[PDB]
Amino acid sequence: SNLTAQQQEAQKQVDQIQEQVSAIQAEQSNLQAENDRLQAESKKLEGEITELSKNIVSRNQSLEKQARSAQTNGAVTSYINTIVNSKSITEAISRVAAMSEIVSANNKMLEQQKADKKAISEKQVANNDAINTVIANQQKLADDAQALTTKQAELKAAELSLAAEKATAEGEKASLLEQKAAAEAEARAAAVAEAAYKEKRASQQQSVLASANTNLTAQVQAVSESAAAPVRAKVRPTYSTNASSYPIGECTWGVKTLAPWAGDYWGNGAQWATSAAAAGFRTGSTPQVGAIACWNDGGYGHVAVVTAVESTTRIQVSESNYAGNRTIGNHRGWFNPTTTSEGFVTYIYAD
């Protein structure tokens, strides 16, 4: 080699910084590649979780209908007597043998339900861990991009410093020493930027963690305390506390009795949601316990108060004047409120 001692020192600074630069770039490619495959694992797990979810919900309903039919009490006693309905001279019995198959099919169903609940649970943790890793990697990538900008600026200046030590000229040493001073100033700018980045990142996270010091009630309190605070309910009218405005036994009289917050002159049940909306009440398509269910059939319609909710297509209700019975109470048990002869259902909420 024709290398000097001073030139080797400059070469060492270039090789050290280049090593750091390549190390950052290698990790960037490493993390970006890991994220790509983890995002793919997640997508696949997500599709499988969706598949299991609908099956679990569907199978639960089937298992609850099959339980109800197998545990109705009043009709089940006859199903136990059907097995006993065979002893002496009845030709050929295949009722008891067929009873084993429906129980075998039943036991097979809950075992598959148990397996699906196990599988979705396992797929959830793996998916969640994959998603968490990807976010941590993305944060590491953001940190590396700032570090790379700094180290590449340092490398530039170091390479110019090496170019000065090699220079076989008085004219040129001076030229690239001006360029080195310029490059070193740029490297300082990059470092100060990275310092501000770390400074900002740290305080931002502390500000995020500080906001966790709260709860829902305080959060809901802040809405009503603000200017944009629910004041649409202020313009409502004070209604009567009794049902004297509705005739005895009617569905309207019944709902007014159970839900005294309803209006006094809201007419036929069919029009209650229409009048309630005008009065400032919130309406919607999903049942809530305590909400007034309003069915519109283009005629008189019907109203009731929701007493229990399992889904949008499965509720219980307390009502008056259903199928000729004018007493207030539970007339139907569980039923689907979207598929009745009273028509389009809409719910009126208290708040």
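Residue positions are given as counts along the sequence shown, with the first one as 1.
Engineer: On average, are the C-alpha B-factors higher in 283 to 291 or in 23 to 31?
Structural biologist: It is 23 to 31.
Engineer: Using only the Cα atoms and their B-factors as the entry lists them, report which of 110 to 118 and 137 to 145 averages higher.
Structural biologist: Result: 110 to 118.
Engineer: Between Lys44, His302, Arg314, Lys65, which one tops the list for C-alpha B-factor in the PDB entry?
Structural biologist: Out of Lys44, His302, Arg314, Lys65, the record gives the largest C-alpha B-factor to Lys65.
Engineer: By the CA temperature factor listed in this entry, which of these ranks top: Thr241, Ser244, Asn127, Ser86?
Structural biologist: It is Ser86.
Engineer: Splitting the chain's C-alpha B-factors into thirds, which one does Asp264 fall into?
Structural biologist: Its C-alpha B-factor, which the entry lists for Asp264, ranks in the lowest third among residues of this chain.
Engineer: Relative to the other modelled residues in the chain, which third contains the C-alpha temperature factor of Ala70: lowest, middle or highest?
Structural biologist: Its C-alpha B-factor belongs to the highest third of this chain's values.
Engineer: Hey, what third does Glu250 fall into on Cα B-factor, ranked over its chain?
Structural biologist: Bottom third by C-alpha B-factor.
Engineer: Report the third (lowest, middle or highest) to which the CA temperature factor of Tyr79 belongs, ranking only the modelled residues of the same chain.
Structural biologist: For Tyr79, the deposited C-alpha B-factor lands in the highest third.
Engineer: Based on the entry's values, in what third of the chain does the Cα temperature factor of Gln61 lie: lowest, middle or highest?
Structural biologist: For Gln61, the deposited C-alpha B-factor lands in the highest third.
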